[PDB]
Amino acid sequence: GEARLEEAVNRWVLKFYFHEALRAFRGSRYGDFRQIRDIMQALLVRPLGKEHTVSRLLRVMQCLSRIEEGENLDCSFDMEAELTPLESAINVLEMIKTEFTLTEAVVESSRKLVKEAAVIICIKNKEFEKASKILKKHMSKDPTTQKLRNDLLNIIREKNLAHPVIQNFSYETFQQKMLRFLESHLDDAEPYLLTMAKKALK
């Protein structure tokens, strides 16, 4: 009925641009992704009703947004920090773990990558104190990460940006692994607007 028509269309539009955002990201078209993100952001101000699916949707969208801007340390996603975008991605990842009711063991593998990447980017930008703080608060595991964590500790103190671990790091490879991780917990079905466009253009 009235007003419920607006919410319905708003949901279709959000879900459609969510679908396009993932497609753009998958094809490493981050310019297109950023533009689509800005559209979805402008939509959030409208009534959407309340679906669990769009909440999950927005969290994933949040994670990808912080990951996409992860190399820009002058960028900030929270208004109280002082957090680098990849630190924000770590916080979003925990919301995703909860809201998707995922187990720690499943999330554990992909979170290491973000922790690894967050520290290395600070190192690449010669922000060693931030690198140390992030390393000390997050990468402080102990088992399979010991060899790498020690490498990072040594690099920070010597400011050795030429270390292979820093030199061989690929952010593009990192992004795509994260996307594929996130997609593995997502339905799956084509957005209604796309289906309608298919039946329309044949």
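Residue numbers run from 1 along the displayed sequence. For the two forms, the rigid core is made up of the largest set of C-alpha atoms that agree within 1.5 Å on superposition.
In 7 other deposited structures of this protein, superposed by the rigid core, the C-alpha atoms of 163-171 lie farther from the shown form than the other of 163-171 and 29-37. For the pair 123-131 and 86-94, greater average C-alpha departure from the shown form in 7 other deposited structures of this protein after core alignment is found in 123-131. If you average the C-alpha B-factors over 24-32 and over 164-172, the higher value belongs to 164-172. For the two regions 12-20 and 186-194, the entry's Cα B-factors average higher over 186-194. Sorting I67, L58, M139, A42 by the CA temperature factor given in the entry leaves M139 at the top. Sort the modelled residues of the chain by CA B factor and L113 lands in the middle third.
Per the PDB record, residue ranking by Cα B-factor puts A131 in the middle third of the chain. Ranked by C-alpha B-factor against the other modelled residues of its chain, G49 falls in the middle third.
Among the modelled residues of its chain, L153 has a C-alpha B-factor that falls in the highest third, as given in the PDB entry.
In the PDB entry, a CA B factor belonging to the lowest third of its chain's modelled residues is recorded for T101.
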